[PDB]
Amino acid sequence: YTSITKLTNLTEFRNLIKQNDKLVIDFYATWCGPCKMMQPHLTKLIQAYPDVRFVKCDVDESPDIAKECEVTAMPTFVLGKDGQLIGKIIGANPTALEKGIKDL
């Protein structure tokens, strides 16, 4: 979990979306229980889907990036496909998350 890229500003954010055909952003907060539960799931998905770029973003540290993706709950996983925000998985939901990523 500690090895994926953390988005910290809008420039990095916009760069990431334009440089990657398939992208997952994990929007979390420090000390968030459901967020932490999802870490080992994300690790496995990273390995299972090497053509998808997984990154993370701390909603308290980066409230502007959160607003830009309309993130209002934690954890939320935002799915990007070819520059578009194509889907959102709200909450610690491994099954919906895998399906969403599978379809990217």
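Position 1 is the first residue in the sequence shown; the rest follow in order.
Averaged over CA atoms, B-factors in the entry run higher in 14 to 22 than in the other of 84 to 92 and 14 to 22. The PDB entry reports B-factors from which the mean C-alpha value can be compared for 4 to 12 and 94 to 102; the larger average falls on 4 to 12. Split the chain's modelled residues into thirds by C-alpha temperature factor. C35 is in the lowest one. When all modelled residues of the chain are sorted by CA temperature factor, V71 is found within the lowest third. Placement of the Cα temperature factor of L79 within the chain: lowest third of the modelled residues, per the deposited record.
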